[PDB]
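One letter stands for each residue in the lines below.
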Amino acid sequence: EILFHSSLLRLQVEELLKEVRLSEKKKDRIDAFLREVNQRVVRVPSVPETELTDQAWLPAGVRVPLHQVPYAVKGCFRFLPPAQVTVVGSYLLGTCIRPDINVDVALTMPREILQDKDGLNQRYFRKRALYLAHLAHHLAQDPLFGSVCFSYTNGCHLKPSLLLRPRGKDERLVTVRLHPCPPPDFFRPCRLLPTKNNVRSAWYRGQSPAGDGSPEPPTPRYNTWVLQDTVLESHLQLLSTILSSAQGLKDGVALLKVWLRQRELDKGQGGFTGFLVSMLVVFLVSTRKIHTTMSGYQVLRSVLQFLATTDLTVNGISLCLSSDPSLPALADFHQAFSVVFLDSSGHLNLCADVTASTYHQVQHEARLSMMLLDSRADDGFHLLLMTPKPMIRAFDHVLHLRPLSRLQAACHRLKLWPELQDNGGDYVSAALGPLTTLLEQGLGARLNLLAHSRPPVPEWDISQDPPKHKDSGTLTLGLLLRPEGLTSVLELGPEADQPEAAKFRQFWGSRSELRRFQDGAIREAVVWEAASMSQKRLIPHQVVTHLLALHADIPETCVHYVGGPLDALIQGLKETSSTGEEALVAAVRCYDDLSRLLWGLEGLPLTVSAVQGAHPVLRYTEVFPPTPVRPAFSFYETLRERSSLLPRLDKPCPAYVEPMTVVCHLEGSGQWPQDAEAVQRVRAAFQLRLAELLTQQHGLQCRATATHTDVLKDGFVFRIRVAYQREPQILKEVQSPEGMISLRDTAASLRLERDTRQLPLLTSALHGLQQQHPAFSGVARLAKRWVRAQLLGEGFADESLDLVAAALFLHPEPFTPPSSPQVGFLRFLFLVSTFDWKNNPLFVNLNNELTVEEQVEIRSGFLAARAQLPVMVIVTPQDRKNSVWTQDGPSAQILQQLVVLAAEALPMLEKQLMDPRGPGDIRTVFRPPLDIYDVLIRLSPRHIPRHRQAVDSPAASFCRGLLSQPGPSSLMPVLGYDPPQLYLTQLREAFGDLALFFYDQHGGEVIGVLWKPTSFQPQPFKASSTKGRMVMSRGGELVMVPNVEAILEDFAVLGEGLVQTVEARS
Amino acid sequence: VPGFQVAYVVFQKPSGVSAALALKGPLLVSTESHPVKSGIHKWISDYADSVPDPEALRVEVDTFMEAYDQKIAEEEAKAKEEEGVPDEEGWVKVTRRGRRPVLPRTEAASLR
Amino acid sequence: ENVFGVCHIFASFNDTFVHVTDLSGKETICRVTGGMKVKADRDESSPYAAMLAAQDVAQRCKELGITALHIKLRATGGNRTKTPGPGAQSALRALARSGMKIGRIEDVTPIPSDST
Amino acid sequence: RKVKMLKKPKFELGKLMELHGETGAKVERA
RNA sequence: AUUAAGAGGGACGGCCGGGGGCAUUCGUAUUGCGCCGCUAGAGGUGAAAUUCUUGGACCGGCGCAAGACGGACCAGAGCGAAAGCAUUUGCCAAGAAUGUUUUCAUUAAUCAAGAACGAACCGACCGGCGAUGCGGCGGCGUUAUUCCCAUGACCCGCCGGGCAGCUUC
Ligand SMILES: Nc1ncnc2c1ncn2[C@@H]1O[C@H](COP(=O)(O)OP(=O)(O)OP(=O)(O)O)[C@@H](O)[C@H]1O
Ligand SMILES: [Mg+2]
Ligand SMILES: [Mg+2]
Ligand SMILES: [Mg+2]
Ligand SMILES: [Mg+2]
Ligand SMILES: [Mg+2]
Ligand SMILES: [Mg+2]
Ligand SMILES: [Mg+2]
């Protein structure tokens, strides 16, 4: 019902609000604290008039929080107690977010301690800093405050702030920021235009006092900062009239700040804060977009429309209702600032610190949020406001600039002297703008969005020097790749005739070169060196390295590209060129040739009707793609009755070859037997006939078996299975004793339908999905590697991991579809850790085929019959009401074990990638603990064919009997032979009821044995339970116990030679 | 793949059975005269016999189908003889071999 | 090998058109009508005029490398007659007389299914 | 008797390269 | 009062039909429009002349829009009281014949008046023989075969009501 859905949305809004708001009792205790702060601040001693340069009157233990780089000034200082104390901010406005509660107090400076010319050469900033220094000294000794600290207000390094927190209990309850402010009408608003000057060049840089030269450059950021203090009380007055009266407007503001918090768009210098949306909602109330009668959800809806549709970098908006002829124009602000907003006083940009890159990225998030808002579906509220979006998980590649001291030289290479003079000495924030624009224009085709990290606001205690710009933090850039345009390895420029070619030569330098093509055009072009798909994915690394060195004098050593470090986990020991996409395509082309060979074969009694592949290789999900092989004659011995080789006793285990299953359906006919075991006979005859014709017409090596035929073509081995359409129906025939024959599902019948019908459909469906998303193969293969490395490969089917990986690309509602393997793997770990498998089935909408009406009906049936379904339920359009891929899937135990491991591995892996230094060991999360297992079995690497696939490379390899030279082979190699898997089958059948075995199929050298606690308890003699159980008489009665000592030597006996040693603990 | 199994063993005389119950020994399975193969040695020997003979496979398939077709032909001939032909006590068996179509004895037909 | 082209021969009772295009029929190689050869409205559909038009088209093709032609014979169609005109037979003969090789012969006369 | 094409997907180069199986040439600047 | 008419009414069973209504849908042809290629003509006649064309007519290719129409399959076949009825699919109501050991029990026939709709030789003259459409019954044999959907295609005999022929009394 729509009423139920609306009520659910109302309930979801309310429970979020009560969590994020503050209680009444906390408000009272905060109110008592601020009254105590008011009493303390008003009782402060005064000092006589002193020169600003004279700072010896400061006692030891307190330092000026400004760095005062040009020390010569022209002012005098006097301290007086504050004339007026006013609480400003959002505390009295009723919009405070729970994790961080802050209260702002404005201190009105007396008129008699400030001079008319204090707005020049940072004199006011110096006086304000010394005012806080005197207050910090006198308030430190007071036992009321648990901690007192210095910090930056409004993200400005020239504006220090004072932090006070209470002692003992409630120490995390609230913090108070103390903001000195000038008298209301002290300064002239006309003196603080973006086009006017307030810092003189002779004082800032020159040694001469009146050196003549060019007119003084305007200082818009300096003017904005000075006016920022003068208008502190005005914002609260406007918001009280408009926002305090109407409830629900507060709800929308609170929800929007949570939305900004989740996407990490509020904190840092120049961030889009919750103060800004307070003015944005006021502007919308001024217009007809918002009226005061909506709820909080509608306010969130209305604001998000404005952000996604309005660009503030070209068309600024004004909050000033009055339109005076002698009023500042918006054109001037656009020339001075990247983003233009306005207040009732036109001089206040109010957004002078937010960059164009920041606003574009906020627009990007707003557009994504509107698509979820417009679409009607369940869990949309959870995805919109509760799903975190860190930079590492929202961008395909991240980039680190390790030494920020080099960024100062970038300002020297470029022309930012007026801008460096305007913002004091902050070279980091000055060059952030031009560098992003420089990189954005050079990466236009290969990128969708570029973002930069914001430096955190420092907090340092009294009696320490303030932090420098060099040690502010580390700079990180986020890149959102465009899937189209990554296929090309060239950047196409203009032709050499028209004169904008010279412009192209300027931007790229020596790498710009002349090229001619088949179309007949002479053209300027630049060519990179990228052979594989992975190398083409790292083309922007070459772009950013070349451009930064050429145009910013930033060496390549200062650039750390975090792109595909995980690619080594799905590669060879030393092969970093490709991740395996080229090998998979070659195998697919071989399969297509074989299908065409079947489609045209003559002499068969029944013609071929359908050829379908049912192997992970054909759907690009094989972790290690195969290669064509040529057996060595001397490494084996030969039967000479059949063209089949056998492994030798003295040589090590041969190379592993896995045949790929192909399902073939013949022409329908009515001459087939109606008996279950007789159809098995006809199928076996078809296996023999198919092998005989294939070797006669095309000279292919074929081996016929009762269930399949193995064909060697182009070095690849294919396993061909012939299936009969009505065979599953025959297996369902059950004549009942009363005398009526019916059709009932059977485990054999269900297995046959999965192998011949359901498996080819999923393989073909996932094959098509890879075509739209080239990054699907890397994510899926890496996901299997991590699961199998944690020794939890048993219980997780190959198809189940493919389907959950496909869910990332088909339903990435918070994000965009992944374009790099590393970002998909992080989202895969997040999905496993956070998904509620108990109350939600995973939907994989393969090629649409399901609408919202069918989804809610399936969801309704899911809760009605949850107990009959497995712990993990995956819903596909082909397979609904059941999950055939997880019926034999994970148990309740190992499912929770993976969630714990995934929740543990995610924080350390993201920390490794976000470290400015290189990752210490990318294989840390791929190693198992090896502590909980009762018995550990070690295997000899001589008889492990899949040993190059190990996580830890051994760097030494045995001879496996393969020929390096390509060519044909006249004989069948060894197929599907590995001692580790043969050993596991023997163990899991003899001791399956007693213990559990854990192994890694990719290079595993250890088998973990865990005893079952229930089986080891004494039991009475049951004849069926005497498998390895022995007779005790300690209690005077005959009971059964496992024979631990005899089982251990069975581990050595079974697998003789393969087993190296047996160690048992506890 | 074998695991833990049970054994039924038959001797010539019951006297040997009584000796088997009275037999007390280590029961070495592998001796120098009669070694028992295990490990990689056994699996290689197992992979040797896993490869089948196409001619032996073809003979069994043809033999089974020849027997199966003969059984089917006998049943059809017997049913053709028995169609119609009321027996004692006046009973006629309804079959699909007649000219009037009949309702099948299936669950799907009954529910329909 | 032989380089192939498509030749369209529209043969009305009033006029005869011979037109040679590529395999896709989108690019025009040469088009000569019956009226361009004879300076009389009586003989626009005459077999003599069509033969002259065919020779001029045929001679055009050889220097371009065209050696074989596919022929699409077409009449007025529609509500009118579906019979090839007098110029059709002479023009097709002249193309073979000029040494041009002949591919498949198809009629592409538009036949209406529902009478108006 | 007849097959018609109604809708085509987005043109992708790699799909065609399976069915059918550049940087350019160098020119010296003056 | 009895029976339950080779009198009539109703119900039930499986079918059958270009019967009617509402929506939905496809197919060529024609015409017009938009773009690409080419270049002096195209159209019409007994001969011409009205018309269209270097601002590109006609011809060749691709796509779009509009108004009609529903071929061949199509029969002396079928349906409706008549006038009349032909692409696909869904829906609504109606109907003939056949099958019936169901039900009522004379409730019927013909009709001036009146009412609904309405293109643009002769005569209830007994029969017969062939085919033909639907429904039913029986059958030696062929032919497919039934998860659902469906139990049919051909041949032979028989019973009814129809569309028509050829003959007879
Ligand atoms: N760009 C700006 N221009 C002018 N004043 C600003 C700007 N940014 C912040 N301020 C001022 O900073 C003061 C401190 O409040 P602030 O904006 O930090 O909100 P807050 O109390 O932390 O609110 P919330 O909890 O809702 O995020 C306010 O009085 C506000 O007017
Ligand atoms: Mg604040
Ligand atoms: Mg009666
Ligand atoms: Mg009826
Ligand atoms: Mg009907
Ligand atoms: Mg009908
Ligand atoms: Mg109808
Ligand atoms: Mg009939």
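Residues numbered from 1 in each chain as written, not as in the entry; some residues may be left out. Chains lettered and ligands numbered in written order. Part of a larger assembly, values for the part shown. Heavy atoms only, no water. Residues with missing side-chain atoms left out of burial classes, pairs and counts.

Student: Quick rundown of the overall build of chain D? Include the residues and the values.
Tutor: For chain D, the count of helices and strands is 1 helix and 1 strand. Buried residues in chain D amount to 0% of all 30 residues. Of the roughly 3400 Å² of accessible surface on chain D, 61% is carried by carbon and sulfur atoms. Averaged over its 9 positive side-chain charges, chain D has a centre that lies 18 Å from the centre of its 4 negative ones. (Helix = DSSP H or I, 4+ residues; strand = E, 2+ residues; numbered from the N terminus. Buried < 20%, exposed > 50% of the residue type's maximum accessible area, 1.4 Å probe, protein only. Areas by Shrake-Rupley, 256 points an atom, 1.4 Å probe, with all protein chains shown as cover. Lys, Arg positive; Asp, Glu negative; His and termini not counted. Charge placed at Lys NZ, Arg CZ, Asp CG, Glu CD.)

Student: Give a description of the interface of chain A and chain B that names residues and reports values.
Tutor: At the interface, 47 residues of chain A touch 26 residues of chain B. Of all residues in chain A, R642(A), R681(A) and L688(A) bury the most surface against chain B, accounting for 18% of the area lost on that side. There are 1 salt bridge connecting chain A and chain B. At the junction of chain A and chain B, the tally comes to 4 residue pairs in polar contact. By residue class, the composition of the side of chain A that touches chain B is 25 nonpolar, 11 polar and 11 charged. (Contact = heavy atoms within 4.5 Å. Buried area = accessible area lost by both parts, 1.4 Å probe. Salt bridge = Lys/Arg side-chain N within 4 Å of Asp/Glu carboxyl O. Polar contact = N/O pair within 3.5 Å; in protein donor to acceptor, adjacent residues only side chain to side chain. Nonpolar A, V, L, I, M, F, W, Y, C, P; charged D, E, K, R; others polar.)

Student: Run through the sheet that holds strand β1 (residues 25-26) of chain D, naming residues and quoting values.
Tutor: Pairing within the open sheet is antiparallel, and its 4 strands lie in the order β12(A)-β14(A)-β13(A)-β1(D). Edge positions in the sheet fall to β12 (490-495) of chain A together with β1 of chain D, since each has one partner strand and no second. Relative to strand β14 (residues 522-527) of chain A, strand β13 (residues 513-516) of chain A runs antiparallel, the two being bridged by 4 bridges. Residue pairing across strands places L514(A) opposite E524(A), the latter belonging to β14(A). Taken strand by strand, helix α17 (residues 500-508) of chain A contacts β12 and β14 of chain A, and its axis lies near 145° from that of β12(A). (Pairing = 2+ DSSP bridges. Axes fitted to C-alpha atoms, helices over the stretch in contact; angles between N-to-C directions.)

Student: I'd like to hear about the interface of chain A and chain D, residue by residue, with values.
Tutor: The extent of an interface is frequently quoted as the accessible surface area lost upon association of the parts. Each partner contributes to the interface: chain A provides 15 residues, whereas chain D provides 8 residues. Here chain A packs against chain D, burying approximately 1300 Å² in sum over the two surfaces, 42% of which is carbon and sulfur. Ranking the residues of chain A by area buried against chain D places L514(A), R515(A) and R516(A) at the top, with a combined share of 37%. Counting across the chain A and chain D interface gives 8 residue pairs in polar contact. Here the side of chain A that touches chain D gets 4 residues from one element, more than from any other, and that element is β13(A).

Student: Would you mind going over the site of ligand 1 in detail, with residue names and values included?
Tutor: Residue and element names in this part refer to chain A. The immediate surroundings of ligand 1 are formed by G89, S90, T95, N102, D104, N154, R177, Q228, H235, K257, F275 and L350. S90 has a polar side-chain atom sitting 2.9 Å from an oxygen atom of ligand 1. Interatomic distance of 2.9 Å between a side-chain N/O atom of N102 and an oxygen atom of ligand 1. Burial of ligand 1 by the protein amounts to 83% of the accessible area it has alone, namely 630 Å². (Near = heavy atom within 4 Å.)

Student: I'd like to hear about the pattern of salt bridges, residue by residue, with values.
Tutor: Residue and element names in this part refer to chain A. Taken as a whole and assessed by the stated rule, the structure comprises 49 salt bridges over all chains. The salt bridge partner of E365 is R263, with a shortest N-O separation of 3.3 Å. Here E365, found in helix α11 (residues 356-374), pairs with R263, found in the loop between α7 (249-262) and α8 (274-286); they are 102 residues apart in sequence, far enough to count as distant. A relative accessible area of 6% places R263 in the buried class. For the salt bridge of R619 with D798, the shortest nitrogen-to-oxygen distance reads 2.4 Å. Of this pair, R619 sits in the loop between β16 (608-613) and β17 (636-638) while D798 sits in helix α25 (residues 798-810), placing them 179 residues apart in sequence.

Student: Requested: an account of the environment of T31(B), with residues and values cited.
Tutor: The topology assignment puts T31(B) in the loop between α1 (14-22) and α2 (40-50). For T31(B), the side chain forms a polar contact with the main-chain nitrogen of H34(B), separated by 3.0 Å.

Student: Tell me what's going on with the arrangement of the chains, and back it up with residues and numbers.
Tutor: Where the 2 pairs of chains in contact are concerned, the greatest contact count is recorded for chains A and B. A gap remains between chain B and chain C, which never touch, and the nearest two C-alpha atoms on either side lie 45 Å apart. Considering only C-alpha positions, the minimal separation of the non-contacting chain C and chain D is 17 Å.

Student: Explain the pairing of β13(A) to me, and be specific about the residues and the numbers.
Tutor: Between β13(A) and β14(A), which pair antiparallel one after the other, the connecting turn spans 5 residues, and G520(A) there sits at a positive phi close to 100°. Both β13(A) and β1(D) contribute to a ladder of 2 bridges, which runs antiparallel. Bridging across to β1(D), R516(A) finds its partner in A25(D).

Student: Just give me the short version of the protein's contact with RNA strand E, but keep the residues and values in it.
Tutor: Taken together, 34 residues form the shell around RNA strand E, and within it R99(B), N14(C), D15(C), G25(C) and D114(C) come nearest. When atoms of RNA strand E within 4 Å of the protein are split into backbone and base, the sugar-phosphate part holds 54%. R42(C) is positioned with one of its backbone polar atoms (N or O) 3.3 Å from a phosphate oxygen of RNA strand E. Only β2 (16-21) and β3 (28-33) of chain C provide two or more residues apiece to the surface near RNA strand E.

Student: An account of the sheet that holds strand β19 (residues 660-666) of chain A is needed here, citing residue identities and associated values.
Tutor: Residues and elements named next belong to chain A. Pairing in this open sheet of 5 strands is mixed, and the strands run β16-β19-β22-β21-β20 from one edge to the other. Where the open sheet ends on each side, the last strands, each with one partner, are β16 and β20 (701-704). Direction aside, neighbouring strands of the sheet carry axes that sit 25° apart on average. Pairing analysis gives 5 bridges linking strand β21 (residues 709-713) to strand β22 (residues 716-723), with the strands arranged antiparallel. Its bridge partner being in β22, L712 is matched across the sheet by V717. Against the sheet, helix α20 (residues 581-598) engages β16, β19, β21 and β22, with an angle of about 45° to β22.

Student: Could you give an account of the nonpolar core, naming the residues involved and the relevant values?
Tutor: Residue and element names in this part refer to chain A. Grouped together as the largest cluster of nonpolar side chains are 114 residues, with contacts concentrated most on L162 and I290. Considering each element in turn, this core owes the most residues, 10 residues, to helix α3 (residues 123-140). Not counting residues up to four positions away in its chain, the partners in contact with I290 are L249, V281, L284, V285, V299, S302 and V303. Ranked by size, the runner-up nonpolar core spans 64 residues in total, among them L766, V787, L829 and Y933. (Core = buried A, V, L, I, M, F, W, Y, C linked by side-chain atoms within 4.5 Å.)

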